[PDB]
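Take a look at the structure below.
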Amino acid sequence: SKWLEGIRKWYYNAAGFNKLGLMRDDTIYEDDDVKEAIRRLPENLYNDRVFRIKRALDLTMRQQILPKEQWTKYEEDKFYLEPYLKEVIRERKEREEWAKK
Amino acid sequence: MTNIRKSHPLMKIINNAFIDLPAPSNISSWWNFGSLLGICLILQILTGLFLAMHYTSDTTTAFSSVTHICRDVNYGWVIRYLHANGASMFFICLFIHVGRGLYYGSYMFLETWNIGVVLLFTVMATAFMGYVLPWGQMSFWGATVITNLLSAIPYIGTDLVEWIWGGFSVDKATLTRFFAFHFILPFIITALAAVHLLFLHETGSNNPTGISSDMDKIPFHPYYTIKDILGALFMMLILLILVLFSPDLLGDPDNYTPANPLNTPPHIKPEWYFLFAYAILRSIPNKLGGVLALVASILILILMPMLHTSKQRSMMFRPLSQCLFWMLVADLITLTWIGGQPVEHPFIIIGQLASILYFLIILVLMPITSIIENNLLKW
Amino acid sequence: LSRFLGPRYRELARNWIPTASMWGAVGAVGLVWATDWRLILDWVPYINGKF
Amino acid sequence: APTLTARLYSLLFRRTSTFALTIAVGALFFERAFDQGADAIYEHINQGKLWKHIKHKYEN
Amino acid sequence: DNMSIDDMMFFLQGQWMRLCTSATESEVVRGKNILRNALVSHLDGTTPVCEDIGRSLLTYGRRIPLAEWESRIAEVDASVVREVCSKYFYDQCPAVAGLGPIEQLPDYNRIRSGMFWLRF
Amino acid sequence: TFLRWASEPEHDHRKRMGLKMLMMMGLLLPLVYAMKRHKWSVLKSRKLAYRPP
Amino acid sequence: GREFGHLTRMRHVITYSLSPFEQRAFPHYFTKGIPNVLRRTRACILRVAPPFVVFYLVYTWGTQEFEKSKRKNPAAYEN
Ligand code: HEM
Ligand code: HEM
């Protein structure tokens with residue numbers, strides 16, 4: 001596990017979404033399941049996601065990166081969207097299975 | 001009362017297109033290459049129209065007409081070399097735009113991407129037909145080889161080739177047909193580009209981070225208008241450098257000799273933008289296999305959206321995918337270089353390996369790498 | 001392909017196969033008719049008079 | 001005490017009409033001046049080669 | 001409304017520029033009459049009169065009599081209005097504060113561009 | 001030299017136009033860049049603050 | 001469809017901006033710009049350069065090998 005966690009942390013630091021203040025779920029592609037998951041988010045998390053995204057887009061606009069002390073840590077990254085996305089995908093799978101037979 | 005910009009129908013369309021279009025605030029200079037392509041298309045249309053006022057499509061007078069444009073039409077050389085080097089700048093911008101689409105996941109816009117692939121095919125056809133028009137040795141023999149490639153198609157290849165030729169081989173009929181087609185196609189390109197922009201505006205524009213930028217949209221008129229003008233100025237600088245300092249840098253010298261159908265030039269190579277496809281064609285020993293590989297090289301952009309497996313649209317946050325992407329770009333440069341070089345022991349194997357690596361990177365290595373990245377992110 | 005692998009889609013394929021076969025025949029005849037494909041047209045009795 | 005730039009604004013740049021007229025006149029004079037200067041530079045760089053530099057020898 | 005902010009801003013800036021560039025005598029007379037009525041109506045009752053006295057002493061150092069206000073209003077003409085509006089409103093960077101669903105509110109570059117007319 | 005003149009009779013004129021375009025671009029590109037920066041400074045200096053209730 | 005009014009829903013995000021005429025076009029252009037360019041180059045180079053390094057190696061090897069191929073082989077004329 002520790003070796004796997006090490007390589008995962010290496011990839012996390014290699015990717016730059018922590019540098020821009022974004023969390024992992026902030027960087028997911030907005031497909032229809034993801035759109036429904038975003039729609040279902042509670043207001044606080046939705047507003048926080050919107051602001052983090054806006055701040056990141058602003059930083060990329062000026063080709064700057066957030067100060068290192070403000071970088072999102074690997075441990076403190078919270079997968080807020082993941083439960084909602086799993087629920088949405090489960091509902092879609094159930095609908096597809098019913099359609100199959 | 002109403003503002004005429006928002007209410008008059010033509011002005012309404014123009015406003016929604018390039019005045020009040022909500023554009024992401026973080027699009028980079030890689031997002032100016034599309035406007036650069038549009039400017040290149042308009043410039044090519046104007047320059048080609050002025051060239052055609054002095055160009056004659058008969059074989060007896062084609063080369064003499066080109067010489068007349070170069071030496072006797074006032075500022076004719078400016079127009080001619082503007083066209084010749086603007087084609088190269090056109091393909092530079094096309095390749096850069098395709099690379100931007102691959103890198104930032106812009107291919108997820110399915111309709112825009114497919115219309116863009118159609119535009120790429122039409123532009124490559126226009127360039128090939130235009131190159132025949134000066135009727136030099138390179139024009140004649142490159143046309144012969146590229147058209148002869150179609151004969152590999154089973155059971156209809158000979159008939160299709162002879163129909164396109166208008167005869168048994170490339171001759172006056174083929175030259176006149178290519179002139180007519182090279183004239184008409186750019187306007188079809190403009191129409192397809194209009195459809196392209198329509199589909200793009202339907203879904204907006206993807207930003208470099210790959211995340212939806214509806215929160216951070218800015219008007220197009222007060223920002224990207226001046227940004228694109230600046231890009232146009234830089235592109236014009238590069239183009240005028242080519243035109244006024246190295247007018248023959250990107251053109252083969254042999255095309256300045258009148259076409260001799262009985263003697264071939266020492267080297268028969270297509271223009272530089274076609275060189276990677278030419279190398280892929282030469283890589284496969286079988287003729288039909290080579291033609292199919294050449295078609296698949298471009299058609300793989302159609303399959304690119306299906307191949308997408310990463311949970312992230314853009315490669316900005318995917319380092320391994322970036323390594324693969326730059327390997328692909330280097331491989332394309334390698335293919336261009338090999339297509340330039342003669343078919344011999346060192347170049348053949350490098351070309352074969354390069355083509356295999358191109359198809360492998362696009363089809364297998366990239367999706368598996370994206371899956372690995374998804375696992376690494378615990379997605 | 002995962003979604004379209006079930007009993008209903010297999011039934012749906014069977015329902016539309018006769019229609020798909022019929023349209024394919026329309027394409028087959030149209031191609032031969034438009035191209036005047038002598039290979040196929042020689043077998044047809046009356047049209048064989050063309051050649 | 002207005003600076004030169006403020007004076008220029010308040011005189012010509014305030015209203016678009018005077019701005020455009022200034023742009024046009026500047027365009028004409030700049031065209032003349034730049035043409036003269038650049039031609040001088042090119043001639044000096046290529047001094048001794050240009051036909052205009054050697055026509056006198058073969059003329060008359 | 002959220003979808004009418006841009007239009008209203010356009011019309012407001014258009015009115016500003018119209019006053020700056022091509023004001024007319026009739027609307028000037030209307031504005032002067034409205035100002036006279038506002039001045040006379042406001043200074044009615046002990047509370048507003050005392051407020052005006054105190055504020056005028058603090059600011060103007062003197063309570064400007066209504067006759068002086070009338071004379072100054074009467075001096076105003078279309079030329080005066082155009083001059084002062086061009087000085088304070090034309091090609092001047094504005095200060096904008098927005099609250100609520102203000103997404104349609106034009107970006108500051110557009111707002112500043114509206115402060116001048118390319119025709120004038 | 002004569003053959004080069006024959007092949008490219010616009011050589012000297014091409015060089016003159018190239019010099020002129022180099023000077024004109026050296027003038028314009030900084031100026032158009034300055035205009036772009038002037039328009040973009042509002043966004044570049046923009047400060048966004050999240051103030052949740 | 002996609003118009004500024006109804007693009008998305010955002011709340012409690014306050015943005016402060018300055019007039020272009022009140023701010024400098026090139027603020028700290030070289031003092032800050034050059035370090036930022038160096039940082040961007042450092043981040044990108046490890047991913048970008050190695051493929052082109054491999055291409056350069058391949059190109060040099062191919063050119064040299066072709067030149068050797070054209071060159072005469074003494075053993076062919078030993079007899
Ligand atoms: C995307 C647009 C275009 C591309 C990429 C393109 C490409 C080319 C190329 C590569 C050449 C060879 C020039 C040379 O060998 O020096 C050429 C020549 C020519 N094209 Fe185009 N062309 C385009 C549009 C047009 C249009 C719209 C016209 C006419 C309305 C036109 C008319 C000509 C003519 C007359 C020539 C002969 C110039 C010469 O002999 O050097 N072209 N074109
Ligand atoms: C003459 C050729 C072309 C013209 C005139 C043209 C025009 C444009 C323009 C004006 C844009 C918007 C500006 C921008 O996004 O940078 C654009 C974007 C785009 N084009 Fe092209 N294009 C051409 C070739 C292509 C090709 C060959 C492809 C794909 C193989 C393509 C696919 C796309 C895509 C996916 C976008 C979306 C980019 C984004 O959303 O960031 N286009 N095109």
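Labels used: A, B, ... for chains in the order of the structure tokens, numbers from 1 for residues in each chain, and numbers from 1 for ligands as shown.
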
**Study point:** Residues near residue B:363, cut-off 9 Å, only C-alpha atoms, skip fewer than 6 positions along chain, as a ChimeraX atom specification
**Key:** /B:300,303-304,307

Output file for the residues above (N, CA, C and O atoms, as a PDB file, in the first residue's frame):
ATOM      1  N   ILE B 300      -7.802   8.857 -38.501  1.00  0.00           N
ATOM      2  CA  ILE B 300      -7.702   8.476 -37.098  1.00  0.00           C
ATOM      3  C   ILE B 300      -8.194   9.592 -36.189  1.00  0.00           C
ATOM      4  O   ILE B 300      -8.549   9.348 -35.028  1.00  0.00           O
ATOM      5  N   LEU B 303     -11.510   8.703 -35.074  1.00  0.00           N
ATOM      6  CA  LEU B 303     -11.551   7.750 -33.974  1.00  0.00           C
ATOM      7  C   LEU B 303     -11.020   8.327 -32.671  1.00  0.00           C
ATOM      8  O   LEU B 303     -11.247   7.731 -31.613  1.00  0.00           O
ATOM      9  N   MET B 304     -10.326   9.462 -32.732  1.00  0.00           N
ATOM     10  CA  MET B 304      -9.739  10.041 -31.524  1.00  0.00           C
ATOM     11  C   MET B 304     -10.752  10.268 -30.411  1.00  0.00           C
ATOM     12  O   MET B 304     -10.451   9.915 -29.257  1.00  0.00           O
ATOM     13  N   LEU B 307     -11.427   6.994 -28.650  1.00  0.00           N
ATOM     14  CA  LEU B 307     -10.292   6.479 -27.902  1.00  0.00           C
ATOM     15  C   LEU B 307     -10.130   7.148 -26.546  1.00  0.00           C
ATOM     16  O   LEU B 307      -9.375   6.640 -25.712  1.00  0.00           O
TER      17      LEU B 307
END

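In this structure, the chain D residues at most 10 Å away from chain F are residues 34, 35, 37, 38, 39, 41, 42, 43, 46 and 50 of chain D, with only C-alpha atoms considered.
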
Keeping only N, CA and C atoms, write the selected residues to a file as a PDB file, in the first residue's frame.
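Dumped everything to again34.pdb:
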ATOM      1  N   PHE D  34       8.921  57.928 -43.653  1.00  0.00           N
ATOM      2  CA  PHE D  34       9.406  56.556 -43.594  1.00  0.00           C
ATOM      3  C   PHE D  34       9.932  56.101 -44.943  1.00  0.00           C
ATOM      4  N   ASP D  35       9.215  56.417 -46.022  1.00  0.00           N
ATOM      5  CA  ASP D  35       9.695  56.047 -47.343  1.00  0.00           C
ATOM      6  C   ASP D  35      11.066  56.649 -47.602  1.00  0.00           C
ATOM      7  N   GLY D  37      13.302  57.782 -45.417  1.00  0.00           N
ATOM      8  CA  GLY D  37      14.322  57.266 -44.518  1.00  0.00           C
ATOM      9  C   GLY D  37      14.741  55.849 -44.852  1.00  0.00           C
ATOM     10  N   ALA D  38      13.767  54.972 -45.079  1.00  0.00           N
ATOM     11  CA  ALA D  38      14.071  53.586 -45.400  1.00  0.00           C
ATOM     12  C   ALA D  38      14.807  53.482 -46.724  1.00  0.00           C
ATOM     13  N   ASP D  39      14.405  54.281 -47.714  1.00  0.00           N
ATOM     14  CA  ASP D  39      15.119  54.284 -48.981  1.00  0.00           C
ATOM     15  C   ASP D  39      16.558  54.730 -48.787  1.00  0.00           C
ATOM     16  N   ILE D  41      18.318  54.360 -46.058  1.00  0.00           N
ATOM     17  CA  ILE D  41      19.008  53.276 -45.363  1.00  0.00           C
ATOM     18  C   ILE D  41      19.395  52.175 -46.342  1.00  0.00           C
ATOM     19  N   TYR D  42      18.441  51.742 -47.168  1.00  0.00           N
ATOM     20  CA  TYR D  42      18.711  50.678 -48.128  1.00  0.00           C
ATOM     21  C   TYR D  42      19.792  51.093 -49.116  1.00  0.00           C
ATOM     22  N   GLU D  43      19.714  52.322 -49.625  1.00  0.00           N
ATOM     23  CA  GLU D  43      20.726  52.798 -50.558  1.00  0.00           C
ATOM     24  C   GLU D  43      22.104  52.805 -49.912  1.00  0.00           C
ATOM     25  N   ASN D  46      23.466  49.347 -49.564  1.00  0.00           N
ATOM     26  CA  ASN D  46      23.824  48.826 -50.874  1.00  0.00           C
ATOM     27  C   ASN D  46      24.555  49.861 -51.720  1.00  0.00           C
ATOM     28  N   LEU D  50      23.688  49.720 -56.585  1.00  0.00           N
ATOM     29  CA  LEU D  50      22.426  50.056 -57.227  1.00  0.00           C
ATOM     30  C   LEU D  50      22.663  50.775 -58.547  1.00  0.00           C
TER      31      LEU D  50
END

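For the atom pair formed by atom CA of residue G:9 and atom 34 (C, counted along the ligand's line) of ligand 2, the distance is 26.8 Å, given to one decimal.
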
Point to revise | Contacts of residue F:45 at 10 Å (only C-alpha atoms; same-chain gap of 4+ positions) as a ChimeraX atom specification | key: /A:62 /F:40-41 /G:16-20,23-24,27

**Study point:** For atom CA of residue E:10 and atom CA of residue B:220, the interatomic separation in Å (one decimal)
**Key:**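 Interatomic distance here is 17.4 Å.
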
Point to revise | Shell around residue E:39 at 10 Å using only C-alpha atoms, local window under 5 positions removed, as a list in words | key: residues 33, 34, 44, 66, 69 and 70 of chain E

**Study point:** Residue set, stretch 13-193 of chain B restricted to alpha helix (DSSP H), as number ranges by chain
**Key:** B: 13-18, 33-52, 62-71, 76-103, 110-132, 137-149, 157-165, 172-193

Output file for the residues above (C-alpha atoms, as a short mmCIF file (atom, residue, chain, number, x, y, z; two decimals), in the first residue's frame):
data_model
loop_
_atom_site.label_atom_id
_atom_site.label_comp_id
_atom_site.auth_asym_id
_atom_site.auth_seq_id
_atom_site.Cartn_x
_atom_site.Cartn_y
_atom_site.Cartn_z
CA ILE B 13 -25.57 37.04 -36.29
CA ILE B 14 -22.32 39.00 -36.46
CA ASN B 15 -22.71 40.11 -32.84
CA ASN B 16 -23.39 36.62 -31.51
CA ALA B 17 -20.48 35.36 -33.60
CA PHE B 18 -17.60 37.76 -32.83
CA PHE B 33 -4.42 29.69 -34.66
CA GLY B 34 -8.05 29.20 -35.70
CA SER B 35 -8.48 32.89 -36.47
CA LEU B 36 -5.08 32.72 -38.14
CA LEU B 37 -6.45 29.94 -40.36
CA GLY B 38 -9.47 32.05 -41.26
CA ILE B 39 -7.23 34.99 -42.12
CA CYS B 40 -5.04 32.66 -44.17
CA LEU B 41 -8.08 31.42 -46.07
CA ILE B 42 -9.24 34.94 -46.89
CA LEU B 43 -5.71 35.91 -47.93
CA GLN B 44 -5.37 32.83 -50.13
CA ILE B 45 -8.72 33.58 -51.77
CA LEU B 46 -7.77 37.19 -52.53
CA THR B 47 -4.27 36.32 -53.72
CA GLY B 48 -5.47 33.42 -55.86
CA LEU B 49 -8.16 35.58 -57.41
CA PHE B 50 -5.54 38.14 -58.39
CA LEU B 51 -3.25 35.37 -59.66
CA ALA B 52 -6.02 33.85 -61.78
CA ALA B 62 0.76 27.46 -67.99
CA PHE B 63 4.45 27.85 -67.18
CA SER B 64 4.77 30.87 -69.46
CA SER B 65 1.83 32.43 -67.63
CA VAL B 66 3.48 31.84 -64.25
CA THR B 67 6.66 33.47 -65.56
CA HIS B 68 4.57 36.37 -66.90
CA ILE B 69 3.08 36.83 -63.44
CA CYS B 70 6.50 36.69 -61.80
CA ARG B 71 8.30 39.09 -64.15
CA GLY B 76 3.12 39.92 -59.48
CA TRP B 77 5.97 38.27 -57.60
CA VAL B 78 4.55 39.53 -54.30
CA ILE B 79 1.17 37.95 -55.04
CA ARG B 80 2.65 34.68 -56.29
CA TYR B 81 5.04 34.13 -53.40
CA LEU B 82 2.35 35.27 -50.98
CA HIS B 83 0.18 32.44 -52.29
CA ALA B 84 2.97 29.87 -52.29
CA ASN B 85 4.16 30.62 -48.76
CA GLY B 86 0.66 31.27 -47.45
CA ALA B 87 -0.17 27.68 -48.32
CA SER B 88 2.70 26.54 -46.10
CA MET B 89 1.58 28.87 -43.31
CA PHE B 90 -1.93 27.50 -43.82
CA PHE B 91 -0.76 23.95 -43.18
CA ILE B 92 1.38 25.06 -40.24
CA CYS B 93 -1.70 26.56 -38.63
CA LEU B 94 -3.80 23.51 -39.53
CA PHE B 95 -1.33 21.15 -37.88
CA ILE B 96 -1.03 23.39 -34.82
CA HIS B 97 -4.82 23.54 -34.48
CA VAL B 98 -5.13 19.76 -34.75
CA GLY B 99 -2.44 19.41 -32.10
CA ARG B 100 -4.25 21.86 -29.85
CA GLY B 101 -7.47 19.89 -30.26
CA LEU B 102 -5.74 16.63 -29.38
CA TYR B 103 -3.90 18.13 -26.41
CA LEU B 110 -17.84 15.78 -32.00
CA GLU B 111 -19.55 17.84 -34.70
CA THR B 112 -16.91 20.56 -34.80
CA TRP B 113 -14.11 17.98 -34.83
CA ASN B 114 -15.61 16.00 -37.70
CA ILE B 115 -16.30 19.13 -39.74
CA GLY B 116 -12.69 20.10 -39.07
CA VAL B 117 -11.50 16.76 -40.40
CA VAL B 118 -13.55 17.35 -43.55
CA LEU B 119 -11.97 20.81 -43.83
CA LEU B 120 -8.53 19.23 -43.50
CA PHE B 121 -9.24 16.79 -46.32
CA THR B 122 -10.58 19.53 -48.58
CA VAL B 123 -7.63 21.83 -47.85
CA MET B 124 -5.12 19.08 -48.59
CA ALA B 125 -6.89 18.35 -51.87
CA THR B 126 -6.88 22.06 -52.73
CA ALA B 127 -3.16 22.30 -52.04
CA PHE B 128 -2.36 19.23 -54.12
CA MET B 129 -4.40 20.44 -57.08
CA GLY B 130 -2.92 23.92 -56.83
CA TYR B 131 0.62 22.60 -56.86
CA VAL B 132 -0.06 21.01 -60.25
CA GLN B 137 8.45 19.12 -63.43
CA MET B 138 7.57 18.64 -59.76
CA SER B 139 3.93 19.48 -60.45
CA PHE B 140 3.62 16.98 -63.29
CA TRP B 141 5.42 14.06 -61.70
CA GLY B 142 4.04 14.47 -58.19
CA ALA B 143 0.58 14.60 -59.73
CA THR B 144 1.38 11.45 -61.67
CA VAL B 145 2.47 9.54 -58.57
CA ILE B 146 -0.33 10.75 -56.29
CA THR B 147 -3.04 10.05 -58.87
CA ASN B 148 -1.46 6.69 -59.75
CA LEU B 149 -1.82 5.80 -56.08
CA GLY B 157 -8.85 1.87 -59.59
CA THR B 158 -7.85 2.06 -63.24
CA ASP B 159 -11.19 3.53 -64.31
CA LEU B 160 -11.27 6.03 -61.45
CA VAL B 161 -7.71 7.16 -62.16
CA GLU B 162 -8.37 7.56 -65.88
CA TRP B 163 -11.57 9.48 -65.16
CA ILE B 164 -9.75 11.91 -62.86
CA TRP B 165 -6.89 12.20 -65.35
CA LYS B 172 -3.85 19.25 -70.54
CA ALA B 173 -7.24 17.88 -69.50
CA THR B 174 -5.98 17.12 -65.99
CA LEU B 175 -4.42 20.57 -65.70
CA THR B 176 -7.66 22.32 -66.64
CA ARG B 177 -9.69 20.15 -64.26
CA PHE B 178 -7.29 20.91 -61.44
CA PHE B 179 -7.55 24.63 -62.15
CA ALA B 180 -11.34 24.53 -61.97
CA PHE B 181 -11.34 22.43 -58.80
CA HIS B 182 -8.66 24.53 -57.10
CA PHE B 183 -10.79 27.56 -57.86
CA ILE B 184 -14.07 26.18 -56.56
CA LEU B 185 -12.93 24.26 -53.48
CA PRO B 186 -11.86 27.20 -51.25
CA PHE B 187 -15.42 28.53 -51.21
CA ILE B 188 -16.69 25.12 -50.12
CA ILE B 189 -13.98 25.34 -47.46
CA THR B 190 -15.44 28.67 -46.35
CA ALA B 191 -18.93 27.18 -46.12
CA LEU B 192 -17.65 24.21 -44.13
CA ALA B 193 -15.81 26.65 -41.85
#

Practice item. For residue E:19, work out the shell of residues within 8 Å, counting only C-alpha atoms and skipping chain neighbours fewer than 5 positions away, then give it as a list in words. Key: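 Selected residues are residues 81, 82 and 85 of chain E.
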
For N, CA, C and O atoms, I'd like the residues from the last selection saved as a short mmCIF file (atom, residue, chain, number, x, y, z; two decimals), in the first residue's frame.
data_model
loop_
_atom_site.label_atom_id
_atom_site.label_comp_id
_atom_site.auth_asym_id
_atom_site.auth_seq_id
_atom_site.Cartn_x
_atom_site.Cartn_y
_atom_site.Cartn_z
N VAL E 81 -24.89 73.16 -20.76
CA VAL E 81 -25.10 71.76 -20.42
C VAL E 81 -24.16 70.87 -21.21
O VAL E 81 -23.54 69.95 -20.66
N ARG E 82 -24.02 71.14 -22.51
CA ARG E 82 -23.09 70.35 -23.32
C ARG E 82 -21.67 70.49 -22.81
O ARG E 82 -20.95 69.49 -22.70
N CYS E 85 -21.35 68.63 -19.31
CA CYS E 85 -21.47 67.19 -19.50
C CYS E 85 -20.28 66.62 -20.25
O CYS E 85 -19.85 65.51 -19.95
#

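Straight-line separation from atom CA of residue A:59 to atom CA of residue A:18: 12.4 Å.
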
Exercise for review: Starting from chain A, keep only residues with some atom at most 6 Å from an atom of chain B, counting only C-alpha atoms, and report them as a PyMOL selection string.
Suggested key: chain A and resi 8+15-16+28-29+57+60-61

How would the residues just chosen look if you wrote them out with C-alpha atoms as a JSON list (two decimals), in the first residue's frame?
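out22.json written:
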[["chain", "number", "residue", "atom", "x", "y", "z"],
["A", 8, "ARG", "CA", -0.13, 8.03, -6.37],
["A", 15, "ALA", "CA", -0.40, 16.90, -12.08],
["A", 16, "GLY", "CA", -0.84, 20.62, -11.57],
["A", 28, "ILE", "CA", -13.38, 15.90, -13.98],
["A", 29, "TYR", "CA", -14.80, 16.15, -17.49],
["A", 57, "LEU", "CA", -9.09, 29.86, -14.59],
["A", 60, "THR", "CA", -4.14, 30.20, -15.87],
["A", 61, "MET", "CA", -5.18, 33.46, -17.54]]

Exercise for review: Using only C-alpha atoms, find the one residue out of B:228, B:171, B:202, B:20 that sits nearest to chain F.
Suggested key: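 Counting only C-alpha atoms, the residue closest to chain F is B:228.
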
Exercise for review: Within chain F, find each residue whose DSSP state, derived from the backbone, is strand (DSSP E), and express the selection as a list in words.
Suggested key: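 These are the residues in question: residues 47, 48, 49 and 50 of chain F.
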
Residue B:336 environment, 10 Å, only C-alpha atoms, sequence neighbours closer than 3 positions dropped, as a compact mmCIF listing (two decimals) with C-alpha atoms, in the first residue's frame:
# COMPACT_ATOMS: atom_id res chain seq x y z
CA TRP B 272 6.35 19.42 -47.20
CA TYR B 273 2.85 19.28 -45.70
CA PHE B 274 2.21 15.99 -47.54
CA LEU B 275 5.56 14.47 -46.58
CA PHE B 276 4.42 12.62 -43.46
CA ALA B 277 1.58 10.99 -45.39
CA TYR B 278 4.01 10.19 -48.20
CA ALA B 279 6.38 8.50 -45.74
CA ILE B 280 3.51 6.47 -44.30
CA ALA B 330 8.39 14.28 -32.69
CA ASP B 331 7.29 11.21 -34.63
CA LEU B 332 5.41 13.41 -37.09
CA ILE B 333 8.53 15.51 -37.61
CA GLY B 339 9.36 11.40 -46.58
CA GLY B 340 11.83 14.03 -47.69
CA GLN B 341 14.76 11.61 -47.76
CA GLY B 351 10.03 5.27 -41.61

**Study point:** Within 8 Å of chain B: residues of chain F, using only C-alpha atoms, as a ChimeraX atom specification
**Key:** /F:9-10,14-15,17-18,21,25,29,32-33,35-36,39-40

Selection export as a short mmCIF file (atom, residue, chain, number, x, y, z; two decimals), in the first residue's frame, atoms kept: N, CA, C and O atoms:
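Final output, again.cif:
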data_model
loop_
_atom_site.label_atom_id
_atom_site.label_comp_id
_atom_site.auth_asym_id
_atom_site.auth_seq_id
_atom_site.Cartn_x
_atom_site.Cartn_y
_atom_site.Cartn_z
N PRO F 9 14.49 38.77 -61.07
CA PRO F 9 14.65 40.19 -61.42
C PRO F 9 14.15 41.15 -60.36
O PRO F 9 14.56 42.32 -60.38
N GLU F 10 13.30 40.71 -59.44
CA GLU F 10 12.79 41.57 -58.38
C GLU F 10 13.64 41.51 -57.13
O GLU F 10 13.17 41.85 -56.04
N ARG F 14 12.75 43.30 -53.85
CA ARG F 14 12.34 42.43 -52.76
C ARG F 14 13.10 42.77 -51.49
O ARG F 14 12.50 42.83 -50.41
N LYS F 15 14.40 43.01 -51.59
CA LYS F 15 15.18 43.36 -50.41
C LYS F 15 14.71 44.68 -49.81
O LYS F 15 14.62 44.82 -48.59
N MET F 17 11.70 46.07 -50.03
CA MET F 17 10.42 45.83 -49.37
C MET F 17 10.60 45.05 -48.08
O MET F 17 9.88 45.30 -47.10
N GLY F 18 11.55 44.12 -48.04
CA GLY F 18 11.80 43.39 -46.82
C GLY F 18 12.32 44.28 -45.71
O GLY F 18 11.90 44.16 -44.56
N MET F 21 9.35 46.35 -44.49
CA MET F 21 8.42 45.56 -43.68
C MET F 21 9.04 45.21 -42.34
O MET F 21 8.33 45.13 -41.33
N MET F 25 7.17 46.33 -39.04
CA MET F 25 6.79 45.34 -38.04
C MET F 25 7.44 45.64 -36.70
O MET F 25 6.79 45.53 -35.65
N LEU F 29 4.43 45.81 -34.01
CA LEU F 29 4.24 44.71 -33.07
C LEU F 29 4.30 45.16 -31.62
O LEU F 29 3.41 44.78 -30.84
N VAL F 32 0.90 47.23 -31.12
CA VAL F 32 -0.29 46.41 -31.02
C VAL F 32 -0.25 45.57 -29.75
O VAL F 32 -1.29 45.34 -29.11
N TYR F 33 0.93 45.12 -29.35
CA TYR F 33 1.06 44.44 -28.08
C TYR F 33 0.67 45.35 -26.93
O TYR F 33 0.00 44.92 -25.98
N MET F 35 -1.42 47.86 -27.05
CA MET F 35 -2.87 47.98 -27.06
C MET F 35 -3.53 46.75 -26.44
O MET F 35 -4.49 46.88 -25.66
N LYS F 36 -3.02 45.56 -26.76
CA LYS F 36 -3.58 44.35 -26.17
C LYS F 36 -3.42 44.36 -24.66
O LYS F 36 -4.35 44.00 -23.93
N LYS F 39 -5.91 46.76 -23.05
CA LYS F 39 -7.25 46.20 -22.96
C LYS F 39 -7.32 45.08 -21.93
O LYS F 39 -8.34 44.92 -21.25
N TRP F 40 -6.25 44.29 -21.80
CA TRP F 40 -6.26 43.11 -20.95
C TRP F 40 -5.89 43.39 -19.50
O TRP F 40 -6.02 42.49 -18.67
#

Review point. Using only C-alpha atoms, which residues sit within 10 Å of residue A:64 once same-chain residues fewer than 4 positions away are excluded, as a ChimeraX atom specification?
Key: /A:19-20,56,58-60 /G:36-37,39-40
